[PDB]
Amino acid sequence: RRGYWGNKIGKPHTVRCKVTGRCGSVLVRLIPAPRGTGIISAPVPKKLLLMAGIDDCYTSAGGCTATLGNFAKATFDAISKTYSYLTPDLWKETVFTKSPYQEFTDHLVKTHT
RNA sequence: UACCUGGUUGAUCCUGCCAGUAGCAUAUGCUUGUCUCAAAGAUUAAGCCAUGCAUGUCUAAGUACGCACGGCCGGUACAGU
């Protein structure tokens, strides 16, 4: 989930909110950034965030980032939390639409599992 | 540009320092066409010093008998310089 800096002009360029993600003494602090600053990070998370389409970000690390297996999994952990972070936009209540499992069950009553 | 990478082990995750990285100002090595700007015996010995120079000054208007120059003849405030 991508978001904006402090104002709108369409097409989100950065992270919605300031989030973290930890994997066994490594953590990352993805901080939002204004347009055109580029991704300011180490080489390892610069891969992931660039592929994500998050084109602007400030970061900072803490702990042993030498063992990169932790470092990248902790980045990926942070990138997950974006839709698991509650924002005032999402406060309006969902309509609880029926599941595809329910509606399309008619074709699956043959022998299908 | 709010950034990290290598090194303790058979292998893994930490703690931790060492090394790598960029700027700045002094010395030094090697090299060097053209253009502008210019810091420069402070670091150490506020150690010691040859020679040369670096503070003098007169307007119509303080004092002109320089045997100076000049004079158009002088002085009688008395010339001009």
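The deposited coordinates, according to the entry record, derive from cryo-EM at 3.6 Å resolution.

So, about the nonpolar core. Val28, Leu30, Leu49, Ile54 and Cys57 are the most contacted members of the largest nonpolar core, which has 13 residues in total. Taken together, the elements giving at least two residues each to this core come down to β4 (27-30) and α2 (68-80). A total of four residues in this core trace back to one element, the largest contributor, which is α2. Excluding residues within four positions of it along the chain, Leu30 makes contact with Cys17, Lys18, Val19, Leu49, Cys57, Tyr58, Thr59, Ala78 and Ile79.

A word on the protein's contact with RNA strand B. By nearness alone, 16 residues border RNA strand B, and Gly24, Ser41, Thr59, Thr65 and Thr67 come closest of all. What you see for RNA strand B is that sugar and phosphate hold 79% of its atoms within 4 Å of the protein. Within the backbone of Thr59, an N or O atom sits 2.9 Å from a sugar or linking oxygen of RNA strand B. Take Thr67: an N or O atom from its side chain is 2.9 Å from a phosphate oxygen of RNA strand B. Here the surface near RNA strand B is composed, by residue class, of nine nonpolar, seven polar and no charged.

Attention now goes to the environment of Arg2. Along the polypeptide, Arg2 turns up in strand β1 (residues 2-3). A residue is classified by how much of its surface remains accessible, and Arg2, at 43% relative accessible area, is partly exposed. Through-space distance from the C-alpha of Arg2 to that of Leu50 is 12 Å; in sequence the pair is 48 residues apart. Contacts of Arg2, omitting those with residues within four sequence positions, involve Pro12, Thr14, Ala52, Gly53 and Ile54.

Across the sheet, three strands lie side by side as β3-β4-β7; this open sheet has antiparallel pairing. Both edges of this open sheet fall to β3 (19-22) and β7 (61-62), since each of them pairs with a single strand only. Here β4 runs beside β7; their pairing, made up of two bridges, is antiparallel. Of the residues in β7, the one forming a bridge with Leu27 is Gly62.

Right, let's talk about the state of the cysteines for a bit. By the definition in use, this model includes zero disulfides. No disulfide involves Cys64; its sulfur sits 12 Å from that of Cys23, the nearest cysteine.

Glancing now at the pairing of β3. Every second residue of β3 is oriented toward a common face, the buried set being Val19 and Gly21 and the non-buried set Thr20 and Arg22. The pairing of β3 with β4 spans four bridges and is antiparallel. By the bridge assignment for β4, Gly21 is matched with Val28. Between β3 and the antiparallel strand that follows it, β4, lie four residues; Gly24 among them carries a positive phi value of about 55 degrees.

Each value, and the rule that gives it
Residues numbered from 1 in each chain as written, not as in the entry; some residues may be left out. Chains lettered and ligands numbered in written order. Part of a larger assembly, values for the part shown. Heavy atoms only, no water. Core = buried A, V, L, I, M, F, W, Y, C linked by side-chain atoms within 4.5 Å. Buried < 20%, exposed > 50% of the residue type's maximum accessible area, 1.4 Å probe, protein only. Helix = DSSP H or I, 4+ residues; strand = E, 2+ residues; numbered from the N terminus. Contact = heavy atoms within 4.5 Å. Near = heavy atom within 4 Å. Polar contact = N/O pair within 3.5 Å; in protein donor to acceptor, adjacent residues only side chain to side chain. Nonpolar A, V, L, I, M, F, W, Y, C, P; charged D, E, K, R; others polar. Pairing = 2+ DSSP bridges. Disulfide = S-S within 2.5 Å.

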